[PDB]
Amino acid sequence: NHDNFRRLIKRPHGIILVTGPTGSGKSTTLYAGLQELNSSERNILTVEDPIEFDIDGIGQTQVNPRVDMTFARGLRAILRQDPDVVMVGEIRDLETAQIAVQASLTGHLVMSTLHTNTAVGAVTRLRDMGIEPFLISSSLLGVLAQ
Amino acid sequence: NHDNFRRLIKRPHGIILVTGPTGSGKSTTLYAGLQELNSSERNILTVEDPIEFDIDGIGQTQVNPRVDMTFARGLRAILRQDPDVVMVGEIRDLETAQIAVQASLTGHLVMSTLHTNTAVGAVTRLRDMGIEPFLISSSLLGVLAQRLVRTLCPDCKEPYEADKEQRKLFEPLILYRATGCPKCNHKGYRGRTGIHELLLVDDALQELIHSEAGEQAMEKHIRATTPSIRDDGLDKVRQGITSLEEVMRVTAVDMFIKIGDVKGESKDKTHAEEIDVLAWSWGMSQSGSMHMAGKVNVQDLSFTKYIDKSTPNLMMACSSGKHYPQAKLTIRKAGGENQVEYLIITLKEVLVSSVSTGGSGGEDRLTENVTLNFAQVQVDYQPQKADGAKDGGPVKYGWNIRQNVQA
Amino acid sequence: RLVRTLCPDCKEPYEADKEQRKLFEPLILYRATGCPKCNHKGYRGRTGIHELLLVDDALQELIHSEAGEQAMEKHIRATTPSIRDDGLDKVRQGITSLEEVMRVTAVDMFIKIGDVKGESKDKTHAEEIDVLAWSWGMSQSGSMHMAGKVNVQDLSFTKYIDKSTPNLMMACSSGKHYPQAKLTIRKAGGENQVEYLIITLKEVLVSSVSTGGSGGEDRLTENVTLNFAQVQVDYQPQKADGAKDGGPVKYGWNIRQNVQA
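Residue numbers (the numbering used here), protein chains in the order written: chain P, 7 to 152; chain U, 0 to 406; chain X, -5 to 255.
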């Protein structure tokens, strides 16, 4: 499972989702994935709500409602920093997913989470919000039900 | 490629797409196309996200999310400025494509991009979003599948003769290798160049899009006319611009029957000019009751067929009572000509025992039933494994009915 | 809807393809092009295309009881022409293109028995008998398990009750034979299509006539069988495009004398 996840998070582009219920240790798994990628040869940035803890060597922006800094606006800002990999806290709505799908197609490796009970539930959930059935097939690398 | 692209972008109307993966230099190609058109006799406007750089003499609006100015709304606004040519950053969704298709039909030349791996992938992608298959044929002028390849540094590249597997891709044929050095610093390349594949929608391609032939069928007709992405790259390898390493990285059963030498109207590749069978029935019965010997009674092999060019020949054979040397009923799994001919019933010394034809006022193709009497019969079925491969050889059935013995 | 009008000075005539012909015998439509009055698009001016839904007694129920869009759309297509059909009529007339309308949006069988006239409205096969169905066969008594003889059946065919009905009944009653009878089968399209199967009979009797009708039928039908001395079947093969692939393949047989013909 580690070797398969290693190869997936080390791809040049695509979306990798980690799914399950609340308190299933998704962040811990994402944080471990980013720490593994944390090298001098890549630019890793994240949007979180809130930031669980600080990874030294990786940029981490926080979702601030006082200045209307949302996941969508935060993710849209990160893409102008010339990133190689991006980690979004979670893709709750369509607007945030649309940017993440565009990000994955445009040479970035995207990472996020979805509150779905199964690994098929994640692919499911993207189809529900309003992502064209195709766009999921092209971008999605895999899902990790945990 | 330039002259073909020139003529396409200088048409009065239609959509021209540039496709490929991220970092393939699509914008650079579009920007070069707009700069070529940039004249005082045309009104050129663009919607971009973001604007890569400023072309002086051309209007360029930017996709602003602060005022909800999207590609669709931006493109819908540009069309009210009386444009001659329009360049959309990219058509990501259906709504933006719908406006671009309407724009192309309504006297505007439209330009855009799509993240698809092939030139057929662009036509593909428009069909996926939900553009009616027709609308693509009418509007689309062509597609430009583009990749970038690193240029071998001319100061330090190594000449080498290609091997057999390399020569098969394309008389001392010398290619060039990467190496590494101080200008080379210290890789085998410095700079880049584009490799292309310009799909040009002509009368033949307008049909294939309309009737939905498909990627494969459409790819077959495309290779007949337009050179591939790889072929354009391989030409640069011959010229000595890029390496071969760089070009490669970015790169219902079917049933037939043959009665003697009587020709039918089968369009099958293997079973050409035979009789297409629609249905068939054949059996026998053993009179030898075990409750106390008897004898087998082999029935005539009935089969249905369309009324084709063999119909008069079978009627003549039935009327005259002249027998054919051999008749072979071949059955085959669903897929095509390369599938396993799993059941083959060979008949010898074959008469046409009856012919029953006719038709109704609703039928487009009339059918008829034909029965076959024969002296001998041989049936060869070929076993198959779970994957579809042949499980050993085919076991035989062979009986001489005239002599009442094994054959 | 509004549709741009093709400029009459510069529009290109073209024969429609199969997928185009399926939307609507040389059927010519017209294309956009571009030119100095055309300036430089394929159109100048406009015209309206319409679909007038007219609320009658049937539609007053469907609105009341809430049948629904689909159910209501089904009854609407029975009476009123569509928006597309009104547009396609203007494409036939040569006003607008098929591109402009879309953006805003069985074998024929006849038989001629002697000189008896039917009621066919066909252009080529005028005043012949319209065939609805037919059946004919033969059987060889010979066997390969050991000669025999052929037994040609009478050619049956279905037809409407037309002006030939009494003449065929008279021929069956009197037992007088016609010099020739020719069943002609033809592909779907019209008079210019290939007559791909022609069965010519000679010295033809009317062996039986079975007629009738029901209280629900608008046009009554009847079955007629034909006995004959000789028979000739001419099948014409065709290529993929529809053109004739060589000459027609012949089968001829004299049943009276039991020989080839």
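Cβ atoms here follow ideal geometry from the backbone N, Cα and C, with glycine treated the same way.
- Going by C-alpha positions, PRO7 (chain X) is about 16 Å away from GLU94 (chain X).
- The region 180 to 190 of chain U makes no contact with the region 77 to 88 of chain U; the number of CB pairs closer than 8 Å stays below 3.
- Neighbourhood of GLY19 (chain U) in chain P, by CB distance below 8 Å: empty, with the nearest CB roughly 12 Å away.
- Considering only P:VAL53, P:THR28, P:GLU138, the residue with the shortest C-alpha distance to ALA78 (chain P) is P:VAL53.
- By the Cβ criterion, the region 94 to 113 of chain U is not in contact with the region 192 to 200 of chain U, since fewer than three pairs of Cβ atoms, one from each stretch, lie closer than 8 Å.
- Its chain contains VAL339, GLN381, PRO382, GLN383 as the residues whose beta carbon lies nearer than 8 Å to that of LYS389 (chain U), once the 5 sequence neighbours on both sides are disregarded; these appear in chain order.
- Here the region 313 to 327 of chain U makes contact with the region 344 to 354 of chain U; the two share three or more CB pairs at distances below 8 Å.
- Against chain U, the CB of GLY113 (chain P) has a partner CB under 9 Å away; the residue lies at that interface.
- Chain P has a Cβ within less than 9 Å of the Cβ of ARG91 (chain U).
- Judged by their CB atoms, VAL225 (chain X) and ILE249 (chain X) are nearer to each other than the 9 Å cut-off.
- Here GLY187 (chain U) is near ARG149 (chain U), since their CB atoms are less than 9 Å apart.
- Taken atom to atom, the span from the alpha-carbon of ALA100 (chain X) to that of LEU191 (chain X) is near 14 Å.
- Any Cβ of chain X closer than 9 Å to the Cβ of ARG65 (chain U) would place that residue at the interface, and such an atom is absent.
- Only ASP127 from the region 115 to 127 of chain U bring a Cβ to less than 7 Å from some Cβ of chain P.
- Scanning the region 79 to 157 of chain X from its first residue to its last, the whole beta strand (DSSP E) runs of 3-plus residues come out as 102 to 107, 123 to 133, 149 to 154.
- At a Cβ-Cβ threshold of 9 Å, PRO49 (chain U) and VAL62 (chain U) count as neighbours.
- For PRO20 (chain X), the three-state secondary structure derived from DSSP is coil.
- Below 8 Å, too few C-beta pairs join the region 110 to 127 of chain U and the region 128 to 135 of chain P to call them touching: fewer than three.
- By DSSP's assignment, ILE8 (chain U) forms no beta bridge with any residue.
- Taking a cut-off of 8 Å on C-beta distances, the region 104 to 120 of chain X touches the region 173 to 184 of chain X, as three or more cross pairs fall below it.
- Runs of the beta strand (DSSP E) lying entirely within the region 157 to 242 of chain X, each at least 3 residues long, are 172 to 180, 191 to 205, 215 to 229 in chain order.
- At a cut-off of 9 Å between C-beta atoms, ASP11 (chain X) counts as an interface residue with respect to chain U.
- For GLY32 (chain U), the enclosing alpha helix (DSSP H) begins and ends at 25 to 36.
- Per the coordinates, the alpha-carbon of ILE193 (chain X) lies some 20 Å from the alpha-carbon of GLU216 (chain X).
- For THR102 (chain P), the uninterrupted alpha helix (DSSP H) run begins and ends at 100 to 111, by DSSP.
- The beta carbon of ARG25 (chain X) is closer than 6 Å to those of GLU6, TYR8 in its chain, skipping five residues each way along the sequence.
- Taking C-alpha positions only, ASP267 (chain U) is separated from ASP386 (chain U) by approximately 24 Å.
- Under the DSSP definition of a beta bridge, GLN64 (chain X) lacks any partner.
- The region 201 to 209 of chain U makes contact with the region 129 to 142 of chain U; the number of CB pairs closer than 8 Å reaches 3 or more.
- Interface with chain U (9 Å Cβ-Cβ cutoff): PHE77 (chain P) is excluded.
- Taking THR219 (chain X) as reference, the option from X:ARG97, X:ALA10, X:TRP130, X:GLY42 with the minimal CA-CA separation is X:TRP130.
- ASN7 (chain P) is classed as exposed because its beta carbon has fewer than 16 other beta carbons within 10 Å across all chains shown.
- The Cβ-Cβ distance between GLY24 (chain U) and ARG229 (chain U) does not fall below 9 Å.
- Per the coordinates, the alpha-carbon of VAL110 (chain X) lies some 9 Å from the alpha-carbon of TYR172 (chain X).
- Across the structure, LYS68 (chain X) and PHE18 (chain X) are spaced so that their CA atoms are roughly 19 Å apart.
- For the region 177 to 190 of chain X, the residues whose beta carbon sits under 8 Å from a beta carbon of chain U are, in order, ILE179, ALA182.
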